[PDB]
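Just work.txt here, compact mmCIF, C-alpha atoms:
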# COMPACT_ATOMS: atom_id res chain seq x y z
CA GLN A 1 -13.99 -18.99 -14.35
CA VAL A 2 -15.82 -15.75 -13.52
CA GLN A 3 -16.63 -13.03 -16.05
CA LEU A 4 -17.05 -9.32 -15.21
CA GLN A 5 -19.16 -7.06 -17.46
CA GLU A 6 -19.38 -3.27 -17.02
CA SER A 7 -21.94 -0.76 -18.20
CA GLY A 8 -22.82 2.89 -17.78
CA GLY A 9 -20.04 4.86 -19.50
CA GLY A 10 -20.54 7.74 -21.88
CA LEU A 11 -19.80 11.39 -22.59
CA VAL A 12 -20.89 14.18 -20.25
CA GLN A 13 -20.25 17.87 -19.81
CA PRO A 14 -18.30 19.02 -16.74
CA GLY A 15 -20.61 18.88 -13.74
CA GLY A 16 -22.54 15.89 -15.10
CA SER A 17 -23.04 12.43 -13.65
CA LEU A 18 -22.80 8.79 -14.70
CA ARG A 19 -23.63 5.51 -12.96
CA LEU A 20 -21.36 2.56 -13.72
CA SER A 21 -22.46 -1.00 -13.04
CA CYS A 22 -20.63 -4.29 -13.11
CA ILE A 23 -22.10 -7.80 -12.88
CA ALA A 24 -20.08 -10.94 -12.12
CA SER A 25 -21.26 -14.28 -13.48
CA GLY A 26 -20.02 -17.82 -14.06
CA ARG A 27 -18.77 -20.27 -11.45
CA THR A 28 -19.99 -19.52 -7.94
CA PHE A 29 -18.20 -16.41 -6.79
CA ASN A 30 -17.60 -14.96 -3.31
CA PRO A 31 -14.80 -12.39 -3.55
CA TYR A 32 -13.11 -10.46 -0.78
CA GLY A 33 -14.29 -7.23 -2.45
CA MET A 34 -14.94 -5.45 -5.72
CA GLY A 35 -13.75 -2.12 -6.95
CA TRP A 36 -13.18 0.33 -9.73
CA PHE A 37 -9.97 1.35 -11.44
CA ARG A 38 -9.27 3.83 -14.22
CA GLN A 39 -6.76 4.11 -17.04
CA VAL A 40 -5.56 6.79 -19.42
CA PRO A 41 -3.54 6.00 -22.55
CA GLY A 42 0.04 4.97 -21.84
CA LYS A 43 -0.41 4.68 -18.11
CA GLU A 44 -1.19 1.85 -15.73
CA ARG A 45 -4.56 1.29 -14.16
CA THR A 46 -5.03 3.29 -10.99
CA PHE A 47 -7.36 2.59 -8.09
CA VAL A 48 -10.49 4.68 -7.81
CA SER A 49 -12.76 3.05 -5.23
CA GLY A 50 -13.37 -0.27 -3.54
CA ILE A 51 -15.96 -1.95 -1.35
CA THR A 52 -15.49 -5.00 0.88
CA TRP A 53 -17.87 -7.79 0.00
CA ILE A 54 -18.97 -8.92 3.47
CA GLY A 55 -19.07 -5.61 5.35
CA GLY A 56 -19.70 -3.15 2.55
CA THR A 57 -16.87 -0.93 3.80
CA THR A 58 -15.91 1.70 1.21
CA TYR A 59 -12.61 3.27 0.14
CA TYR A 60 -11.99 6.20 -2.19
CA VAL A 61 -8.91 7.90 -3.56
CA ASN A 62 -8.50 11.54 -2.61
CA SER A 63 -9.30 12.90 -6.08
CA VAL A 64 -12.88 11.51 -6.03
CA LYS A 65 -13.78 11.92 -2.33
CA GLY A 66 -17.16 13.58 -1.92
CA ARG A 67 -17.99 13.10 -5.63
CA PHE A 68 -18.10 9.31 -6.20
CA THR A 69 -20.00 6.65 -4.26
CA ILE A 70 -19.53 2.87 -4.48
CA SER A 71 -22.06 0.23 -3.49
CA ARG A 72 -22.68 -3.47 -3.99
CA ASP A 73 -25.47 -6.04 -4.03
CA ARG A 74 -24.50 -9.58 -2.99
CA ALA A 75 -27.78 -11.04 -4.28
CA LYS A 76 -26.85 -10.13 -7.86
CA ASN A 77 -23.03 -10.07 -7.55
CA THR A 78 -23.06 -6.48 -8.82
CA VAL A 79 -20.97 -3.41 -7.89
CA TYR A 80 -21.92 0.18 -8.78
CA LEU A 81 -20.09 3.51 -9.04
CA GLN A 82 -22.15 6.70 -8.91
CA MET A 83 -19.96 9.44 -10.41
CA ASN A 84 -21.09 13.00 -9.71
CA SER A 85 -19.54 16.42 -10.32
CA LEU A 86 -17.50 15.02 -13.18
CA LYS A 87 -14.38 16.90 -14.34
CA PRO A 88 -12.37 16.69 -17.60
CA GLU A 89 -9.53 15.09 -15.61
CA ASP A 90 -11.85 12.15 -14.79
CA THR A 91 -11.72 11.12 -18.47
CA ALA A 92 -10.45 7.52 -18.61
CA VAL A 93 -11.42 3.94 -19.27
CA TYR A 94 -13.00 2.69 -16.07
CA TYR A 95 -12.48 -0.86 -15.15
CA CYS A 96 -14.34 -3.10 -12.74
CA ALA A 97 -12.29 -5.45 -10.54
CA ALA A 98 -12.78 -8.40 -8.20
CA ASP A 99 -10.37 -9.21 -5.33
CA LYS A 100 -10.78 -12.98 -5.30
CA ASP A 101 -7.70 -14.70 -3.87
CA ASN A 102 -4.18 -14.01 -2.65
CA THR A 103 -2.27 -14.04 -5.91
CA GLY A 104 -2.01 -10.24 -5.88
CA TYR A 105 -3.96 -9.98 -9.14
CA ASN A 106 -7.64 -9.05 -9.29
CA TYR A 107 -10.14 -10.34 -11.87
CA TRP A 108 -11.11 -7.63 -14.33
CA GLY A 109 -13.78 -6.66 -16.79
CA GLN A 110 -13.32 -5.15 -20.15
CA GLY A 111 -13.62 -1.44 -19.27
CA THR A 112 -16.09 1.33 -20.07
CA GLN A 113 -15.05 4.68 -21.53
CA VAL A 114 -15.88 7.83 -19.57
CA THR A 115 -15.34 11.15 -21.35
CA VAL A 116 -15.84 14.52 -19.68
CA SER A 117 -15.41 17.25 -22.29
CA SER A 118 -16.29 20.93 -22.06
CA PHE A 119 -18.15 21.79 -25.27
CA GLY A 120 -19.44 25.26 -24.36
CA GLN B 1 25.87 7.38 -6.21
CA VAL B 2 25.10 6.69 -2.54
CA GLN B 3 26.28 3.60 -0.64
CA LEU B 4 24.47 2.06 2.36
CA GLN B 5 26.41 -0.02 4.91
CA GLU B 6 24.74 -1.96 7.75
CA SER B 7 26.10 -3.30 11.01
CA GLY B 8 24.89 -4.91 14.20
CA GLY B 9 23.66 -8.39 13.25
CA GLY B 10 24.48 -11.59 15.06
CA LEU B 11 23.09 -14.61 16.89
CA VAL B 12 21.01 -14.29 20.05
CA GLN B 13 18.85 -16.51 22.22
CA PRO B 14 15.09 -15.89 22.28
CA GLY B 15 14.43 -12.84 24.43
CA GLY B 16 17.71 -11.17 23.46
CA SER B 17 18.36 -7.86 21.75
CA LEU B 18 20.39 -6.43 18.87
CA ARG B 19 20.97 -2.90 17.57
CA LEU B 20 21.30 -2.51 13.81
CA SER B 21 22.89 0.57 12.29
CA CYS B 22 23.15 1.83 8.74
CA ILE B 23 25.26 4.72 7.42
CA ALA B 24 24.76 6.36 4.03
CA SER B 25 27.73 7.96 2.28
CA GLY B 26 28.80 9.24 -1.13
CA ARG B 27 27.20 12.04 -3.13
CA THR B 28 25.17 14.46 -1.02
CA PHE B 29 22.07 12.63 0.09
CA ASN B 30 18.71 13.88 1.39
CA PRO B 31 16.19 11.03 1.14
CA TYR B 32 12.49 11.07 1.86
CA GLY B 33 13.09 8.41 4.54
CA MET B 34 15.05 5.34 5.52
CA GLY B 35 13.89 1.99 6.71
CA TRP B 36 14.52 -1.64 7.40
CA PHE B 37 13.40 -4.71 5.49
CA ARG B 38 13.95 -8.41 6.12
CA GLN B 39 14.32 -11.50 3.97
CA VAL B 40 14.21 -15.25 4.46
CA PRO B 41 15.51 -17.69 1.84
CA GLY B 42 13.29 -17.99 -1.22
CA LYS B 43 11.06 -15.09 -0.32
CA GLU B 44 10.98 -11.41 -1.21
CA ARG B 45 12.11 -8.66 1.10
CA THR B 46 9.38 -7.54 3.46
CA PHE B 47 9.02 -4.21 5.22
CA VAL B 48 9.86 -4.07 8.90
CA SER B 49 10.05 -0.41 9.91
CA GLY B 50 10.55 3.03 8.42
CA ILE B 51 11.22 6.58 9.54
CA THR B 52 10.58 9.79 7.60
CA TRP B 53 13.72 11.85 7.17
CA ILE B 54 12.40 15.34 7.90
CA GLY B 55 9.84 14.63 10.63
CA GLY B 56 11.20 11.46 12.16
CA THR B 57 7.76 9.83 11.97
CA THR B 58 7.96 6.07 12.54
CA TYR B 59 6.12 3.07 11.08
CA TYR B 60 6.23 -0.56 12.16
CA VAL B 61 4.68 -3.76 10.88
CA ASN B 62 2.33 -5.51 13.28
CA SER B 63 4.70 -8.40 14.04
CA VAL B 64 7.34 -6.10 15.61
CA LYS B 65 5.13 -3.47 17.30
CA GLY B 66 6.20 -2.87 20.88
CA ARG B 67 9.48 -4.78 20.35
CA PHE B 68 11.44 -2.81 17.72
CA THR B 69 12.27 0.90 17.64
CA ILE B 70 13.64 2.89 14.68
CA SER B 71 15.49 6.19 14.86
CA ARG B 72 17.67 8.36 12.65
CA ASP B 73 20.38 11.02 12.84
CA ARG B 74 20.47 13.51 9.96
CA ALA B 75 23.90 14.83 10.98
CA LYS B 76 25.50 11.45 10.21
CA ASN B 77 22.97 10.13 7.64
CA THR B 78 22.47 7.06 9.84
CA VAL B 79 19.36 4.99 10.67
CA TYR B 80 19.13 2.55 13.61
CA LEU B 81 16.90 -0.39 14.56
CA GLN B 82 16.78 -1.45 18.20
CA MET B 83 15.44 -5.02 18.22
CA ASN B 84 14.22 -6.29 21.60
CA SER B 85 12.37 -9.41 22.73
CA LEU B 86 13.71 -11.32 19.74
CA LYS B 87 11.92 -14.50 18.60
CA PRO B 88 13.09 -17.39 16.37
CA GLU B 89 10.64 -16.16 13.70
CA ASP B 90 12.60 -12.89 13.48
CA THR B 91 15.51 -14.82 11.93
CA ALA B 92 16.27 -13.21 8.54
CA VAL B 93 18.72 -11.08 6.64
CA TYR B 94 17.92 -7.50 7.56
CA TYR B 95 18.37 -4.89 4.97
CA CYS B 96 18.68 -1.14 5.24
CA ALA B 97 16.85 1.00 2.66
CA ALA B 98 16.66 4.60 1.48
CA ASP B 99 13.54 6.11 -0.16
CA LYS B 100 15.25 8.61 -2.44
CA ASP B 101 13.10 9.42 -5.47
CA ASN B 102 9.88 8.44 -7.20
CA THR B 103 11.03 5.47 -9.24
CA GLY B 104 9.35 3.06 -6.83
CA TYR B 105 12.69 1.45 -5.97
CA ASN B 106 14.63 2.22 -2.79
CA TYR B 107 18.43 2.25 -2.47
CA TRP B 108 19.66 -0.72 -0.45
CA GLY B 109 22.58 -1.94 1.57
CA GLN B 110 24.06 -5.35 1.57
CA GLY B 111 22.16 -6.90 4.50
CA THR B 112 23.09 -8.18 7.95
CA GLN B 113 22.18 -11.64 9.21
CA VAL B 114 20.05 -11.91 12.35
CA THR B 115 19.66 -15.37 13.87
CA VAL B 116 17.46 -16.11 16.87
CA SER B 117 17.96 -19.73 17.89
CA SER B 118 16.86 -21.50 21.07
CA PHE B 119 19.87 -23.48 22.28
CA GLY B 120 18.64 -24.48 25.75
CA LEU C 1 8.65 26.26 -6.11
CA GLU C 2 5.40 25.95 -8.03
CA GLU C 3 6.47 23.05 -10.25
CA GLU C 4 8.26 21.14 -7.49
CA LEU C 5 5.13 21.34 -5.32
CA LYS C 6 2.79 20.38 -8.13
CA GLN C 7 4.81 17.41 -9.33
CA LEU C 8 5.56 16.05 -5.84
CA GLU C 9 1.84 16.35 -5.06
CA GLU C 10 1.10 14.19 -8.11
CA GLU C 11 3.63 11.56 -6.97
CA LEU C 12 2.17 11.61 -3.45
CA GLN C 13 -1.31 11.09 -4.87
CA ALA C 14 -0.14 8.03 -6.83
CA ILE C 15 1.23 6.44 -3.64
CA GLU C 16 -2.00 7.38 -1.86
CA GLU C 17 -4.06 5.58 -4.53
CA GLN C 18 -2.02 2.39 -3.97
CA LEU C 19 -2.35 2.87 -0.20
CA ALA C 20 -6.13 3.04 -0.42
CA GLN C 21 -6.12 -0.08 -2.57
CA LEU C 22 -4.23 -1.98 0.10
CA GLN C 23 -6.53 -0.67 2.83
CA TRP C 24 -9.48 -2.05 0.89
CA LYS C 25 -7.79 -5.44 0.50
CA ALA C 26 -6.73 -5.60 4.13
CA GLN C 27 -10.15 -4.71 5.55
CA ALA C 28 -11.83 -7.25 3.29
CA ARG C 29 -9.70 -10.02 4.75
CA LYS C 30 -10.21 -8.82 8.29
CA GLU C 31 -13.95 -9.14 7.72
CA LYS C 32 -13.51 -12.65 6.36
CA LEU C 33 -11.46 -13.64 9.42
CA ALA C 34 -14.22 -12.30 11.67
CA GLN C 35 -16.84 -14.33 9.79
CA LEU C 36 -14.79 -17.54 10.05
CA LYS C 37 -14.36 -16.81 13.78
CA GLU C 38 -18.15 -16.86 14.15
CA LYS C 39 -18.39 -20.31 12.52
CA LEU C 40 -16.22 -21.76 15.30
CA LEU D 1 -11.25 -23.72 10.62
CA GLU D 2 -7.85 -23.55 12.27
CA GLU D 3 -5.79 -23.71 9.07
CA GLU D 4 -8.03 -21.36 7.10
CA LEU D 5 -7.77 -18.76 9.88
CA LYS D 6 -4.03 -19.17 10.27
CA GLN D 7 -3.22 -18.97 6.58
CA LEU D 8 -5.56 -16.04 5.85
CA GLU D 9 -4.02 -14.22 8.82
CA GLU D 10 -0.59 -14.69 7.22
CA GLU D 11 -1.86 -13.30 3.90
CA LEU D 12 -3.47 -10.35 5.69
CA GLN D 13 -0.19 -9.62 7.47
CA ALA D 14 1.69 -9.54 4.16
CA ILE D 15 -0.73 -6.93 2.78
CA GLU D 16 -0.43 -5.01 6.05
CA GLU D 17 3.38 -4.91 5.70
CA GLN D 18 3.03 -3.38 2.22
CA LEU D 19 0.40 -0.97 3.56
CA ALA D 20 2.74 0.26 6.28
CA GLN D 21 5.48 0.71 3.69
CA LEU D 22 3.23 2.96 1.63
CA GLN D 23 2.18 4.93 4.71
CA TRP D 24 5.84 5.61 5.41
CA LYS D 25 6.44 6.76 1.83
CA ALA D 26 3.33 8.92 1.75
CA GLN D 27 4.03 10.69 5.04
CA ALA D 28 7.62 11.37 4.01
CA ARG D 29 6.42 13.23 0.93
CA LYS D 30 3.77 15.12 2.85
CA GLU D 31 6.52 16.39 5.13
CA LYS D 32 8.60 17.45 2.14
CA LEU D 33 5.63 19.34 0.67
CA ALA D 34 5.17 21.15 3.99
CA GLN D 35 8.84 22.14 4.04
CA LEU D 36 8.71 23.48 0.47
CA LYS D 37 5.56 25.41 1.44
CA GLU D 38 7.58 27.20 4.14
CA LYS D 39 10.22 28.29 1.61
CA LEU D 40 7.56 30.22 -0.32
Please lay out the structure from this file as structure tokens.
Amino acid sequence: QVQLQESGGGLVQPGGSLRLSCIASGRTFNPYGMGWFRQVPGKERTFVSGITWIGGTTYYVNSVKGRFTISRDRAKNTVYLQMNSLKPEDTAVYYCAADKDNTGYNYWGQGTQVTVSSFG
Amino acid sequence: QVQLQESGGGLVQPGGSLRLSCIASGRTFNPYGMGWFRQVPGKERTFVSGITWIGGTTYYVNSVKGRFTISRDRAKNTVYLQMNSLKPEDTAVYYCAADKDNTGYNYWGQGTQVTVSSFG
Amino acid sequence: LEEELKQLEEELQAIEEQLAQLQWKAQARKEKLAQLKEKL
Amino acid sequence: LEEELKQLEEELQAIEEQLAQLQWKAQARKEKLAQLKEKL
């Protein structure tokens, strides 16, 4: 009963930056946390970063430590991913996620493409 | 091509102890680690304890910390679980496991029943 | 060798990604339990 | 309340069991990578 809508993807050169956003709306919503996942063709979605909803405690996978920063705003039910120092290997569809119950499945958005391509 | 065979289960009063063993045999076998899982009827197997094969580093779930101890012997390809201070809620089939590759599935034995029942 | 180390590193990093995901989920619930504790 | 805290604690402990399992698997591979490093 809750919809998640991303924004902020695009195409950058290596070394560039992007800021992803995600807003949750619909029925009143108070998740355990929100986070970001990424997916390349033919592979499953992999965790990138998460933030706990109450405390704002952050988690990052080793490949983005020191380059990506996650944050959230409870007033607007919005989570953000600031992606700096982007590398070609970061190219993926980035998906927003909400940890809402104990079914083991998160609620997801529809993904935003992130392309990091060295043009010259 | 490797078979895992447990031993050591039984029926104890609360406060009692049991020592589980598990021997691996067959084709030459050098796992990443071995461990113990438990299962109650109608539920999935849950992790109990694990030990890394090279280093002997141990891991325990919170409900058995300070009561259970895992160990292994590379010479005999055998893993052990010393279970002290047993409680009725520890009643389960205990299964031995080998982390052998990167398929996400471990190799398992056939389980040993552990019953902790207060008789009086 | 080179390829064994590189590939095993990739497999380790996949497990580490799942590990971080579970850490996130676990901490989120711990914080909820603390908040409910304050309501009592 | 009582039941909310008890049930959420149980769900946390299930995640924590899976977390420990992944820690075990991750450390085991780290040790293998160290051993292969010594062979070079």
Near chain D, meaning an atom within 10 Å, which residues of chain A appear when counting only C-alpha atoms? Write them as a ChimeraX atom specification. /A:101-104
Dump as JSON lines the rows for residues of chain D within 8 Å of chain C: closest atom pair and distance in Å with one decimal, all atoms listed in the file counted, ordered by chain and rising residue number.
{"residue": "D:1", "atom": "CA", "partner": "C:40", "partner_atom": "CA", "distance": 7.1}
{"residue": "D:5", "atom": "CA", "partner": "C:33", "partner_atom": "CA", "distance": 6.3}
{"residue": "D:8", "atom": "CA", "partner": "C:33", "partner_atom": "CA", "distance": 7.3}
{"residue": "D:9", "atom": "CA", "partner": "C:33", "partner_atom": "CA", "distance": 7.5}
{"residue": "D:12", "atom": "CA", "partner": "C:26", "partner_atom": "CA", "distance": 6.0}
{"residue": "D:15", "atom": "CA", "partner": "C:26", "partner_atom": "CA", "distance": 6.3}
{"residue": "D:16", "atom": "CA", "partner": "C:26", "partner_atom": "CA", "distance": 6.6}
{"residue": "D:18", "atom": "CA", "partner": "C:22", "partner_atom": "CA", "distance": 7.7}
{"residue": "D:19", "atom": "CA", "partner": "C:22", "partner_atom": "CA", "distance": 5.9}
{"residue": "D:22", "atom": "CA", "partner": "C:19", "partner_atom": "CA", "distance": 5.9}
{"residue": "D:23", "atom": "CA", "partner": "C:19", "partner_atom": "CA", "distance": 7.0}
{"residue": "D:25", "atom": "CA", "partner": "C:15", "partner_atom": "CA", "distance": 7.6}
{"residue": "D:26", "atom": "CA", "partner": "C:12", "partner_atom": "CA", "distance": 6.0}
{"residue": "D:29", "atom": "CA", "partner": "C:12", "partner_atom": "CA", "distance": 6.3}
{"residue": "D:30", "atom": "CA", "partner": "C:12", "partner_atom": "CA", "distance": 7.4}
{"residue": "D:33", "atom": "CA", "partner": "C:5", "partner_atom": "CA", "distance": 6.3}
{"residue": "D:36", "atom": "CA", "partner": "C:5", "partner_atom": "CA", "distance": 7.1}
{"residue": "D:37", "atom": "CA", "partner": "C:5", "partner_atom": "CA", "distance": 7.9}
{"residue": "D:40", "atom": "CA", "partner": "C:1", "partner_atom": "CA", "distance": 7.1}
Quiz item: In Å, with one decimal, what is the gap from atom CA of residue 50 of chain B to atom CA of residue 34 of chain B?
Solution: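 Value for the atom CA of residue 50 of chain B-atom CA of residue 34 of chain B distance: 5.8 Å.
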Quiz item: So how many Å separate atom CA of residue 27 of chain B and atom CA of residue 106 of chain B, to one decimal?
Solution: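 So the two atoms, atom CA of residue 27 of chain B and atom CA of residue 106 of chain B, lie 16.0 Å apart.
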*asked:* What's around segment 86-97 of chain A at 8 Å? Count only C-alpha atoms, leave out sequence neighbours fewer than 5 positions away in its own chain, and write the answer as a VMD selection string.
replied: chain A and resid 4 to 6 12 to 17 22 34 to 40 67 106 to 118
Checklist entry - So which residues are close to (27.0, -2.8, 13.4), meaning at most 10 Å away in the file's coordinates with all atoms listed in the file counted, and can you show them as a ChimeraX atom specification? => result /B:5-10,18-23,80,112
Between atom CA of residue 33 of chain B and atom CA of residue 100 of chain B lies a distance of 7.3 Å
I'd like the neighbourhood of residue 53 of chain A as a PyMOL selection string, where a residue qualifies if any of its atoms comes within 9 Å (using only C-alpha atoms), though same-chain residues fewer than 5 positions away should be ignored. (chain A and resi 30-34+72-74) or (chain C and resi 28+31)
Counting only C-alpha atoms, what is within 12 Å of residue 66 of chain B, bar same-chain residues fewer than 2 positions away, as a ChimeraX atom specification? /B:49,59-64,68-70,82-86
Of A:11, A:48, A:81, A:2, the one nearest to residue 24 of chain A when counting only C-alpha atoms is A:2
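Of the residues under consideration (B:3, B:65, B:46, B:120), B:3 shows the shortest atom-to-atom contact distance to residue 29 of chain B when counting all atoms listed in the file.
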